[PDB]
Amino acid sequence: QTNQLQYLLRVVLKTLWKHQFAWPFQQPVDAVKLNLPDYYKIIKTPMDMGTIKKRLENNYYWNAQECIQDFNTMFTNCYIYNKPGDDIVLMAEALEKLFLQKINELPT
Ligand SMILES: Cc1cc(F)cc(C)c1Oc1ccc(C(C)(C)O)cc1-c1cn(C)c(=O)c2cc(-c3cnc(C4CCC4)[nH]3)oc12
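Residues numbered from 1 in each chain as written, not as in the entry; some residues may be left out. Heavy atoms only, no water. Residues with missing side-chain atoms left out of burial classes, pairs and counts.

Structure determination for this PDB entry is given in the record as X-ray crystallography, at a resolution of 2.7300 Å.

Structure (structure tokens):
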């Protein structure tokens, strides 16, 4: 019986943020820098852990499921844009595994 959004900020996001593979997901995909003109046409709903952090810090979310959905969007965005077996995909898969472990200890 502890608050879920608190859990998401202090435990789930903290764990994922400190991970070795977090850096490409700590801010939006800069499509100009990387020269990716199709990224924002293909990806209708950009997401990254930076925005999720901002949202948790700034009372954006209606509930914990809306935040979980954003985490899931970030991962699937990455699997949609990139070929399977790309290194960015392997990094996301690792983050997703950890995400789902930490979620399965979520209070209620
Ligand atoms: C470009 C790149 C080279 C690497 F060796 C490793 C990574 C992770 C890598 O990806 C990124 C590096 C930096 C950044 C910054 C900091 C600018 O936001 C972003 C990525 C990156 C993050 N995410 C979530 C992505 O989905 C993709 C995708 C790509 C990418 C760049 N070029 C491609 C395709 C186009 C031909 C290869 N994909 O780069 C990123």
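### Remarks on the overall build of the protein chain
Assigned secondary structure in the protein chain consists of 5 helices and 0 strands. The globule rule puts the C-alpha radius of gyration for 108 residues at 13 Å, and the 14 Å found for the protein chain is close to it. Overall size of the protein chain, expressed as C-alpha extent along the three principal axes, is 45 × 25 × 20 Å. When contacts within the protein chain are restricted to residue pairs at least 6 apart in sequence, long-range pairs at least 24 apart make up 67% of them. (Helix = DSSP H or I, 4+ residues; strand = E, 2+ residues; numbered from the N terminus. Rg over C-alpha atoms; globule rule 2.2 N^0.38 Å. Contact = heavy atoms within 4.5 Å.)

### Overview of helix α1 (residues 4-17)
The complete set of buried residues in α1 reads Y7, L8, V12, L13 and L16. Burial along α1 is one-sided: seen end-on, the buried residues are contained in an arc of 145°. Taken together, the buried residues of α1 touch α3 (49-57), α4 (64-81) and α5 (87-103). (Buried < 20%, exposed > 50% of the residue type's maximum accessible area, 1.4 Å probe, protein only. Arc of directions from axis to C-beta.)

### Considerations on the site of the ligand
Surrounding the ligand, one finds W23, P24, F25, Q27, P28, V29, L34, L36, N82 and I88. Take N82: an N or O atom from its side chain is 3.0 Å from an oxygen atom of the ligand. Relative to its unbound accessible area of 760 Å², the ligand is 59% covered by the protein chains. Its residues assigned to classes, the shell around the ligand shows 8 nonpolar, 2 polar and no charged. (Near = heavy atom within 4 Å. Polar contact = N/O pair within 3.5 Å; in protein donor to acceptor, adjacent residues only side chain to side chain. Areas by Shrake-Rupley, 256 points an atom, 1.4 Å probe, with all protein chains shown as cover. Nonpolar A, V, L, I, M, F, W, Y, C, P; charged D, E, K, R; others polar.)

### A look at the side chain of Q26
Turning to its location among the elements, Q26 is positioned in the loop between α1 and α2 (39-42). Polar side-chain contacts of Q26 include one of 3.1 Å to the backbone oxygen of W17.

### Some remarks on the environment of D86
Residue placement: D86 occurs in the loop between α4 and α5. The exposure class assigned to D86 is partly exposed, which follows from its relative accessible area of 29%. Note: C-alpha distance between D86 and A64 (22 residues apart in sequence) is 30 Å.

### Here we look at the packing of aromatic side chains
What describes a pair of aromatic rings is the distance from one ring centre to the other and the angle between the planes of the rings. With the rule as written, the count across this model stands at 5 aromatic pairs. Judged by centre distance (4.8 Å) and plane angle (25°), the ring pair of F71 and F99 falls under stacked. Residue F71 is found in helix α4, and its partner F99 is found in helix α5; the two are separated by 28 residues along the sequence. Judged by its relative accessible area of 0%, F71 falls in the buried class. A cation over an aromatic ring shows up here: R55 above the ring of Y60, its NZ or CZ 4.0 Å from the ring centre. (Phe/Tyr/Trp six-rings, centres within 6.5 Å; stacked < 30°, edge-to-face > 60°. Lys NZ or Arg CZ within 6 Å of the ring centre and 35° of its normal.)

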